[PDB]
Amino acid sequence: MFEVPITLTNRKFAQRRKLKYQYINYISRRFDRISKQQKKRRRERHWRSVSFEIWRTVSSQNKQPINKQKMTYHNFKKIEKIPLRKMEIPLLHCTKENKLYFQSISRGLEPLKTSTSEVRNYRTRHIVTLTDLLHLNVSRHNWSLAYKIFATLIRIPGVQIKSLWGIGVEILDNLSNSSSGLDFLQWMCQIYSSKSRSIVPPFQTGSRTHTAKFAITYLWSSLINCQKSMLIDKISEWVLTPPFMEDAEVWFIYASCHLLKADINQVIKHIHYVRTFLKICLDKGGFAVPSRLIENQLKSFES
DNA sequence: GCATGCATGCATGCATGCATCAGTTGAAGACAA
Numbered sequence: 001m002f003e004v005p006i007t008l009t010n011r012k013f014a015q016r017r018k019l020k021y022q023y024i025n026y027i028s029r030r031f032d033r034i035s036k074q075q076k077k078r079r080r081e082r083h084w085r086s087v137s138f139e140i141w142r143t144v145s146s147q148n149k150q151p152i153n154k155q156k157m158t159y160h161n162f163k164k165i166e167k168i169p170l171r172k173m174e175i176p177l178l179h180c181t182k183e184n185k186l187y188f189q190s191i192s193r194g195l196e197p198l199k200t201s202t203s204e205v206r207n208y209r210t211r212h213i214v215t216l217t218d219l220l221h222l223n224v225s226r227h228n229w230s231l232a233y234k235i236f237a238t239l240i241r242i243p244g245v246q247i248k249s250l251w252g253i254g255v256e257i258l259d260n261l262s263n264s265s266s267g268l269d270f271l272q273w274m275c276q277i278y279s280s281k282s291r292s293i294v295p296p297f298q299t300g301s302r303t304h305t306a307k308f309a310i311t312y313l314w315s316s317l318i319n320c321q322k323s324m345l346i347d348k349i350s351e352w353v354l355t356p357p358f359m360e361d362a363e364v365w366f367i368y369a370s371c372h373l374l375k376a377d401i402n403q404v405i406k407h408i409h410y411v412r413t414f415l416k417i418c419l420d421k422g423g424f425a426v427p428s429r430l431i432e433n434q435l436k437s438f439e440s
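In the entry's author numbering, the protein residues as written are 1 to 36, 74 to 87, 137 to 282, 291 to 324, 345 to 377, 401 to 440.
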């Protein structure tokens, strides 16, 4: 009853997405008309926008104005009537289950089986139980079992590493026996930071644009390994090998490295330093409500 | 006929290939019959 961490499937689901986005396109085409293939799905899904430290959202103010009824019954069924037929052609080539699937999604029903629910089979149902027991044991603070789970999981030739916070917290409350925590974190980062589609990202990703998980997690957690102090110039040397260098938040990680080094003219240059990266992190992002707090601290330093 | 496998295609940089101090030297304007 939880998301699976393996690449969803082969099967039907492609032909279903076919039917879906093909029909979508026929209706939206005739709709702009009246208002006046993996690739068809691709263009289709394509032309569309793809007191505390909140990445504040973009709120409503310069946005738009009001609309007034577009769509009576007699006029919707206009736009519906033709594309449904063109659909009657390749519907003739997809399978019965997907005839009825398209039929119902087109009546506006919504399925009550899931892609997981219907992908039957010895092996996957076993993985499903394995991963469940993982997520359960981790909820239970049963770090030992949990760990056993995780290990037998990743042993299996199907699981992609989308279960890393799995370890990153698991191996984290497991001081016991294994290289851990930062080990995993900076490992993830080093491996998946270069070149060396669906079924993806925010908490996994590749290069050229940003990479939540591994990056920021080791990138603060090492600074927490320096709250273990009271290391830094290392974290800021290899933090100081950008660029993605639009990673503004990592600009704030850098400025944090300088406020922690600051804790004689050396300490000056470290406070000068943090003063610089805070605004080069006015790049944009959006942190630290008043930087005048950071700066009141920097004046407690200036003493 | 339908499902598994894996090879073809497509697309962003990169790498191979192929074309694009000192001497004699003359020339120019002033000057005499």
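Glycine included, each C-beta is placed from N, C-alpha and C at the ideal position.
If contacts are defined as beta-carbon pairs under 8 Å, then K77 and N25 qualify, I think. What distance do you get, rounded to the angstrom? 7 Å
Using 10 angstroms around the beta-carbon of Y208, count the other beta-carbons present and answer buried if the total reaches 16, otherwise exposed. exposed
For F414, which residues from the same chain have a beta carbon less than 8 Å from its beta carbon, with the 5 sequence-adjacent residues on both sides left out? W365, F366, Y368, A369 and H372
For a test of the three-state rule: what should DSSP assign to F2, helix, strand or coil? coil
What first and last residue would you give for the alpha helix (DSSP H) that runs through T202? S201 to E204
List the whole-angstrom C-beta distance separating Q15 from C180, where the pair is believed to meet the contact cut-off of C-beta under 8 Å. 5 Å
Could you give the distance in angstroms between the alpha-carbon of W273 and the alpha-carbon of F308? 8 Å
With distances taken Cα to Cα, identify the nearest neighbour of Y410 among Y159, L435, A425 and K281. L435
Distance, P296 Cα to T305 Cα: 7 Å
Which residues mark the beginning and the end of the alpha helix (DSSP H) in which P169 is found? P169 to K172
I'd like to know if the segment 186–198 and the segment 211–231 are in contact, where contact means that at least 3 CB-CB pairs between them fall below 8 Å. no
What's the gap between the Cα of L374 and the Cα of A232? 35 Å
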